[PDB]
Amino acid sequence: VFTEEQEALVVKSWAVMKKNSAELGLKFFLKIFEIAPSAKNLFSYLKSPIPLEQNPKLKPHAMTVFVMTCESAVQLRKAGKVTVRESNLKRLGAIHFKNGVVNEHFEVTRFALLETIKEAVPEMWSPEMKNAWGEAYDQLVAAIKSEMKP
Amino acid sequence: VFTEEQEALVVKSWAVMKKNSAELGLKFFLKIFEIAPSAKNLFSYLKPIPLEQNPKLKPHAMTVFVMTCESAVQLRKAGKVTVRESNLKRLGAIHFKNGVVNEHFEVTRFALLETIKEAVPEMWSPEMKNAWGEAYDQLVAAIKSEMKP
Ligand code: HEM
Ligand code: HEM
């Protein structure tokens, strides 16, 4: 069960981090690709002009993970579940399914997300901060995974 | 290709890390599973008692460190990775068979390097990272070359 304290940690830290979301997004994908460079191959549009990490579609993907994870924290506290629109969740499940996104990709992304947050707000970092973000993310991913089918 | 410094970096760091190899091997494997817990499912003997308390984690964690250091020595001496064709064929067969993919090798590389960074911070440097990464990369390339039915 996701708590008031956890929601607060995610909501506030995101309000802080959102202020520098241009470098946050690059640091996020840099960390994903540092851990698992072959994850690049999942993105069709990455082949793109060098350095390929500049690809303009990477920023909004990174930001979407951040925004929807914070949103999940709020929903988890309020409704006790992730409440993404059924039609959006279907589109998310299908596109991640057909592009061969697997558990290890979601997991590398979680680890990269938490390292990115630690790097971005060292002064707010704590084990409860890590778990708050991590648990919100896990629930978002579980909802996407429920629609990952043909 | 592989320099005397690169070799000495891998060799000397391993000598220090080896003295605590069991603690280091466990830190290493748990780091892999912190990054990607589903990697656990590749291993028939893991996927269950808590990972942190499972002695079967020891052999594979250790073999990565030991074989990677061996690779650095072989690369300096012979210009290439010198694993016996029968051992390399078995290594290729087994990783192919269990469905190990690039991302698994890459997560392991990152975990290895983070483990070493944390274990001997006094020896850590960009060159230390490069030396271990290259010895690992060359060994991995050799295993991959035999990852076939
Ligand atoms: C919280 C988890 C995630 C969320 C909320 C999310 C969000 C999104 C969104 C909104 C799109 C569609 C954007 C567009 O159509 O332009 C998308 C597509 C995509 N995402 Fe994710 N994503 C997540 C996890 C991941 C992970 C872990 C990976 C792999 C490392 C990944 C790789 C991809 C790929 C390959 C596409 C298709 C891009 C294309 O071909 O246009 N996603 N994601
Ligand atoms: C340079 C890196 C690696 C080395 C030196 C290495 C070495 C080995 C060795 C010596 C074995 C035992 C083979 C035998 O029974 O004769 C083995 C097995 C295995 N490896 Fe690796 N490995 C490496 C990378 C990886 C990675 C990245 C994964 C995936 C996370 C992986 C997964 C497995 C699995 C599932 C087995 C079979 C279970 C076992 O016998 O322990 N290996 N590996």
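The rules behind the values
Residues numbered from 1 in each chain as written, not as in the entry; some residues may be left out. Chains lettered and ligands numbered in written order. Heavy atoms only, no water. UniProt positions renumbered as here; feature names shortened; annotations may be inferred. Helix = DSSP H or I, 4+ residues; strand = E, 2+ residues; numbered from the N terminus. Rg over C-alpha atoms; globule rule 2.2 N^0.38 Å. Buried < 20%, exposed > 50% of the residue type's maximum accessible area, 1.4 Å probe, protein only. Areas by Shrake-Rupley, 256 points an atom, 1.4 Å probe, with all protein chains shown as cover. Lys, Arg positive; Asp, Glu negative; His and termini not counted. Charge placed at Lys NZ, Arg CZ, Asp CG, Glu CD. Near = heavy atom within 4 Å. Polar contact = N/O pair within 3.5 Å; in protein donor to acceptor, adjacent residues only side chain to side chain. Nonpolar A, V, L, I, M, F, W, Y, C, P; charged D, E, K, R; others polar. 1 Å grid on protein atoms, 1.4 Å probe; cavity = no way out; pocket = protein on both sides within 12 Å on 5 of 7 lines; lining within 4 Å. Sits in = over half its atoms within 2 Å of the grid points. Contact = heavy atoms within 4.5 Å. Buried area = accessible area lost by both parts, 1.4 Å probe. Salt bridge = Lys/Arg side-chain N within 4 Å of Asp/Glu carboxyl O.

This entry lists X-ray crystallography as its structure determination method and reports a resolution of 1.84 Å.

Chain B has the name Non-symbiotic hemoglobin in the PDB entry, where Trema tomentosa is given as its organism. In its PDB record the entry is named "Crystal structure of non-symbiotic plant hemoglobin from Trema tomentosa". Heading Catalytic activity of the UniProt record for chain B holds this comment: "Fe(III)-heme b-[protein] + nitric oxide + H2O = Fe(II)-heme b-[protein] + nitrite + 2 H(+)". In its Sequence similarities section, UniProt records this for chain B: "Belongs to the plant globin family."

The PDB entry lists chain A under the name Non-symbiotic hemoglobin, from Trema tomentosa. Quoted verbatim from the Subunit heading of the UniProt record, the comment on chain A is "Homodimer." Its UniProt record, at the heading Sequence similarities, says of chain A: "Belongs to the plant globin family."

All right, on to the overall build of chain A then. A count of helical and extended segments in chain A gives six helices and zero strands. Going from N to C terminus, chain A has its helices and strands arranged as α-α-α-α-α-α. Taken against the 2.2 N^0.38 rule, which gives 15 Å for 150 residues, the C-alpha radius of gyration of chain A at 15 Å falls within 12% of a compact globule. If one aligns the C-alpha atoms of chain A with their principal axes, the spans along those axes are about 45 × 40 × 25 Å. Across the 150 residues of chain A, 46% fall into the buried class. Accessible area for chain A stands at about 8,200 Å²; split by element, carbon and sulfur atoms hold 58% of it. Taken as two groups, the 21 positive and 17 negative side-chain charges of chain A have centres that lie 7 Å from each other.

Residue and element names in this part refer to chain B. For ligand 2, the set of nearby residues contains 20 residues, the closest of which are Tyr-45, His-60, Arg-90, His-95 and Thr-108. The separation between a nitrogen atom of ligand 2 and a polar side-chain atom of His-60 is 2.8 Å. Residue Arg-90 places a side-chain N or O atom 2.6 Å away from an oxygen atom belonging to ligand 2. Of all the secondary-structure elements, those providing two or more residues to the shell around ligand 2 are α3 (58–78), α4 (85–97), α5 (102–119) and α6 (126–144). Of the residues assigned to the shell around ligand 2, the class counts are 13 nonpolar, six polar and one charged.

Within this structure's numbering, the places UniProt gives as "short sequence motif: Homodimerization" are residues 34–38 and 102–114 of chain B. In the segment residues 102–114 of chain B, helix accounts for 100% and strand for 0%; the C-alpha atoms at its two ends are 18 Å apart.

Residues and elements named next belong to chain A. In the vicinity of ligand 1, 19 residues are found, and the nearest of them are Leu-42, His-61, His-96, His-105 and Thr-109. Here a nitrogen atom of ligand 1 and a side-chain polar atom of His-61 are 2.8 Å apart. Put simply, ligand 1 lies in the largest pocket. Looking at the shell around ligand 1, the elements that each hand over two or more residues are α3 (58–78), α4 (86–98), α5 (103–120) and α6 (127–146). With four residues, α3 is the single largest residue contributor to the shell around ligand 1. Residues of the shell around ligand 1, tallied by class, amount to 12 nonpolar, seven polar and no charged.

On to the interface of chain B and chain A, then. Contacts between the two partners involve 15 residues from chain B and, on the opposite side, 15 residues from chain A. Together, the buried faces of chain B and chain A total about 1,200 Å²; carbon and sulfur atoms form 54% of this surface. The interface formed by chain B and chain A holds two salt bridges in total. Along the contact surface separating chain B from chain A lie nine residue pairs in polar contact. When contributions to the side of chain B that touches chain A are tallied by element, the ones reaching two or more residues are α2 (21–35) and α5 of chain B. With seven residues, α5 of chain B is the single largest residue contributor to the side of chain B that touches chain A. Classifying every residue of the side of chain B that touches chain A gives six nonpolar, three polar and six charged.

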